[PDB]
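What follows is a single structure, written as structure tokens, with notes after it.
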Amino acid sequence: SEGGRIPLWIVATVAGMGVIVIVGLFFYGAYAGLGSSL
Amino acid sequence: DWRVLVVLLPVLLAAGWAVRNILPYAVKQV
Amino acid sequence: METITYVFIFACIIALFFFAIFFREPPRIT
Amino acid sequence: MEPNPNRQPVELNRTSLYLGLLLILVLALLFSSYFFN
Amino acid sequence: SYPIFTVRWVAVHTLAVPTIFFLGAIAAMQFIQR
Amino acid sequence: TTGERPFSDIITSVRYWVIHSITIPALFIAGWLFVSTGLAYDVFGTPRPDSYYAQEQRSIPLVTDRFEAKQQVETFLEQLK
Amino acid sequence: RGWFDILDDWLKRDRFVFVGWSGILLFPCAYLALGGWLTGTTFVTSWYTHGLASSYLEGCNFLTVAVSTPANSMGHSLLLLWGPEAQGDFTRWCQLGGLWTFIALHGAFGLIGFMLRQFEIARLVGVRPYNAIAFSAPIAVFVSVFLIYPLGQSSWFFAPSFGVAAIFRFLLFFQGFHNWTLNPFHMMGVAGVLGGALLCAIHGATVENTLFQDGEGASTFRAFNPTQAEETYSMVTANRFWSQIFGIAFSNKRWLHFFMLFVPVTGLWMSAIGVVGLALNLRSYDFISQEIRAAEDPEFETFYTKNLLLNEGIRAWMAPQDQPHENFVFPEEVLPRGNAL
Amino acid sequence: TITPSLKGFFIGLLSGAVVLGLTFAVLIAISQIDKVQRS
Amino acid sequence: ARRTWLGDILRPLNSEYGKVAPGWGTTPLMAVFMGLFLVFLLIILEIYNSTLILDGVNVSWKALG
Amino acid sequence: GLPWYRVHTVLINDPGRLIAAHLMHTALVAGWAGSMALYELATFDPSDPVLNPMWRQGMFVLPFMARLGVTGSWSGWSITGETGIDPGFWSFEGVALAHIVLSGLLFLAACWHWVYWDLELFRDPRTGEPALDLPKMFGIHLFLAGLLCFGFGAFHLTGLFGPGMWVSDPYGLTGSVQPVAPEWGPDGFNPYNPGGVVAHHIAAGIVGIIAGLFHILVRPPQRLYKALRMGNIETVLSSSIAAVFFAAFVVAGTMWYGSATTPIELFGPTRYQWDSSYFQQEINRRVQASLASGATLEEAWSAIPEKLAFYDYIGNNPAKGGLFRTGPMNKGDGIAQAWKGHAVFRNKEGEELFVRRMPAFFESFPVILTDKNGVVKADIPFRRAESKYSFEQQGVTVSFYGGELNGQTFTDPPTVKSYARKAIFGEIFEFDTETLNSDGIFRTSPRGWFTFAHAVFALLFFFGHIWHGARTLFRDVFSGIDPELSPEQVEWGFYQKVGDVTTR
Amino acid sequence: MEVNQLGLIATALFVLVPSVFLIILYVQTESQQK
Amino acid sequence: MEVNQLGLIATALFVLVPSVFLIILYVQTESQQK
Amino acid sequence: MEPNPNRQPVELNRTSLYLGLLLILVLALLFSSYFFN
Amino acid sequence: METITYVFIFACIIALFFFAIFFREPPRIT
């Protein structure tokens, strides 16, 4: 389909939020389960 | 090993799906 | 002799600073 | 004897003299402790 | 007007495909308990 | 430009997202299962948390012989009963 | 215009990612080195080679994952997948440290590939190949540290392992065992890296602060045209500034930029020479005069003898876990310790 | 006599030849198909 | 330039500067030898490395007394 | 004018003066060899090949003379400890003299080729310009190299017409120069088989002859002539530099790991023989064979050759040195005089205890004694207040077998401890530390110094290769890029093929 | 201190030889026709 | 023999310093025009 | 800065160099025994 | 090192003989 239909700023915002989510998960894992020292 | 099929089923389903969606443009290109 | 050598090299370097700065070839615009 | 046409003058300007002397003197200041050991 | 399957396309995907697979794995790993 | 379509175009196109809203989650889920099924452990020979030591053992199973190293590791694994 | 030339044509097309003849060496080896590192650090242990966990799968984080070197008992085995050790078994091969040799060797050929790429593109575009030449320093460092250094030692085991904390360990090991900071080749290295950093900083800042006003904007980046003929900053003002601030100043731009190539490149080459020495334990470890004096005179103390005490601590406290093949058992009473600690 | 490691060496040799061969077959083929246009 | 006896003798050995064989000439053959040479090195390396282990070839000081 | 780092470029289009400069370089190198041999002869002590061999004395060129069969002095001694031998002219002294004279003659030749640089031979007959036909020159020189290589293998090494080469037993006890027959089976590619060095020079020689003839008779393909710039002498500079750093890495490697061409009697033992306790294993084997034949402990250890014991000592490990710890190994621990004999340690219960040996990595090492199972039984403690394993507490004694201390036993803790301290280095020796004012700090052997210099030089010559390869292939722009370089050549998508204007 | 006795001559030649090389080149450059 | 330990550097500098002075003078003379 | 009119070029011809070097080397050959003592 | 010094100086003197004879500035008649 045609390029430009979805605003680049939306794509950027969503992508960024996904990044923050996955990294947030990895930092959660530093405190839970393996690697938590507990 | 059932685990390799349970695991690499999403990969091949993705490949098959995108092949389905891009087939006409791929044929047009080739 | 060691001390004399170390201080001598250092002294030469300081003298070099002096000539490099005050007796440099002057930059000239073209 | 006929003169060799491959000769060229050699140069070292003053800045190169100063840089070179800095390199030599500083390398000496660095390496001398090891030469004395 | 533009091709789809180029050298760039390949390069991009040889990096991007394994990266998403791997991130899925590491994600799963965050819930492993000793 | 070098002839390929601009990325700006592609990633803001509807079709791109019809494709990749399937293909990216599929890959992600595949990797997830590669871990959750435990296949990763077996493919790469990595110890599960209960397979580093036998119960009353406290000696690392270090490889000490170059050419019979494989057999060594195998014996080490059997030692976990 | 036969097949060789048709191929040449295709390899040298002006696409988003340039390929070239050199790309045939470079891309698979670079891809396998990167992928090998990521595979190893994500999924692969170091239990059987080091007695270490080293993967995300085992619970390590970004700072502690590594692809670790093989067991010391492997010596300098190429440790090929089809070799006499793994014998074709991918899993065993991972357990034996095959990924380390995989990554280092594919990596080395990848670096060759990349430098060849620098030559190839420079030749195609019509510039002098000084970028490639500069890249010889990365090469010297990689080859001296990852290949020559372990080759001089007992085995690949004492090469650096590919990981953040693993590299940190490599550093601390070199201090404790080699007194590497004392080494004049390392020192020349440090001077080249810190001097390079200084040149980077000072040149960038100087250019940015002797700009001509070439626009009306207070954000001044747009007031430059890539095609423009004129210098975008004042070399004369720069020269007077630094002349009056520091006593000396660049006046030749060509010399300035050559010098910027020369300092860090030379630094890295020197550091390489030092590590080649450490491959044989040919260290700058001690000053003999220092030791004769200190041995005879128990009140003589310098920072040099202080640091050796530190080194002695490092060796004794780190060796048993860092060198498990040695089976070191150092009873409590023999561990070197100062008062209380 | 062909020891296990000589056999392994032949396997390595063969595998390398296959990788390089397939690589150049595909590169030459693609180069043949998509030619540069000159005037 | 100065002629000498020995010079006159050797003159033909330095008279074909820039002379080439048309096109690719013997490059294919050369390539073959290069290939062989690579494999050759690969062998000796692997023998020295104990990656390639042959009967009667003990890569140690204890090879022969 | 020419910048200082380019002064020698004046040789590029002057074959005569280039040959002169090469003659002068060769003169300088032959002169160095001669001088070095004279200096080593002025400092070498030939009186004890067992405990004071050449590699303990910082000898660098003496082992290379020995390797190919120069083993005697005009003064009457030999490196294998013989006396009353007539070496003929080709003694160490003869070789040094030969090199000095060669150096002189090369000097004179250099003066001649410098003055008479303008020989017609160096001129292209068609253009009148200086020109060297490098491909044919390569053929000629490769042919000659081939002949020489072949003759060296077929006559020298074989002893057919020549001395042969240095060979020894697997423990470097009985080395000597021998004729060696070529090895044509696969073991020929075993680095520890000298028959392979022989077969190598014969076969590689023949190949070099054949290839040489090829390169004399067949012109370069135009495509390779162009690609490699075979009209330009710097191309030869680049590929030669590459060949040379390859060869240097190789000799560094075989020097460090050992081979038939780096015998331990000439260069010293390797580090890997310490790592794997090569010598200790052989010694233990011999002692055991002795006991099983009915010998007493004293007898068994007394039957161990001092030379063998001396290999089992870390002071001869090439990996124990320092970059600025200069000179011969003798300057460190001293001139070895005698084996003290094998130390056996026992505790009050009469259990044998074994001292943990120092690994090469460690400048200093603790003193720990275990039983035959690795269980710690005694040590020298740092902190004393909670010591459990002190020699005093455990009643550790040391009894010596073989050597000068044979049949003796020590029980006072200080003496016992001193000996334990030395036991971390392997077998124990008496040293003369006075003659040289030795400082007690380990230095490396010629194996180590050779390995170091050659790995370093190899690495630097990599840069040499890179630089001159670049100079060769980018000759057209090394003064700058085309001042009229069209922006379209470096723009993107203007040409289909990078830098190919015919692809617009 | 028991320093190495060649250390002095080593440092002296290490400085003097190349420095002298540079001084020779510089002086003969200056004296060339302006 | 027990020679004076400064004999070596003394002799070396005795040779080198004035020899070098002369070499400088000579070379800058040759490089002058005409 | 006005150039100084009192300046003068300096010369050492080759024969003077050979004489000088000879003088230095022969002096050194003579006094060195006494420097080592 | 004393011996090396004596012999070095001597050797340099011989070298100098060589240059002073064969590389002298040629006498020329006006």
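Lettered A, B, C, D, E, F, G, H, I, J, K, L, M and N in written order, each chain numbered from 1.
Rule of thumb we're sticking to: a contact is a pair of C-beta atoms (placed from the backbone, for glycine too) under 8 Å apart; a residue touches a chain by one contact, two chains touch by 3 or more.
Counted as hops between touching chains, the shortest connection from chain B to chain D is 3.
Over half of the residue numbers at the interface between copies chain K and chain L are found on both sides, making the touching surfaces mostly the same. Among all pairs of chains, G-J has the largest number of C-beta pairs in contact.
Superposing the C-alpha atoms of chain C onto chain N requires a rotation of 180 degrees, rounded to the nearest 5.
Centroids of chain B and chain J (each the mean of its C-alpha atoms) stand 59 Å apart.
Averaged C-alpha coordinates give centres for chain A and chain I that are 58 Å from one another.
Rounded to a whole number, the gap between the C-alpha centres of chain I and chain N is 45 angstrom. Distance between chain E and chain I, defined via averaged C-alpha coordinates, is recorded as 46 Å. In chain A, the residues that touch at least two other chains are 26, 33-34. In chain H, the residues touching two or more other chains are 5, 9, 36. Looking at chain G, residues 9, 13-16, 43, 57-59, 75, 77, 80, 83-84, 87, 284, 288-289, 292 sit in touch with two or more other chains. Listing the residues of chain A that touch chain G in their complex gives 26, 30, 33-36. Interface residues of chain E facing chain A in the complex, by the touch rule stated above, are 23, 26-27, 29-34. Only residues 9, 12-14, 18, 119, 121-129, 132-133, 136, 139-140, 143-144, 148, 151-152, 154, 177, 183, 227, 269, 272-273, 276-277, 279-286, 288, 291-292, 311-312, 315-316, 319, 323, 326-327, 329-337 of chain G touch chain J when the two sit together in their complex.
Interface residues of chain L, counted against chain N in their complex, comprise 1, 3, 7-8, 11-12, 15. Residues 22, 25-26, 28-29, 32-34 of chain A are the ones touching chain E in the complex.
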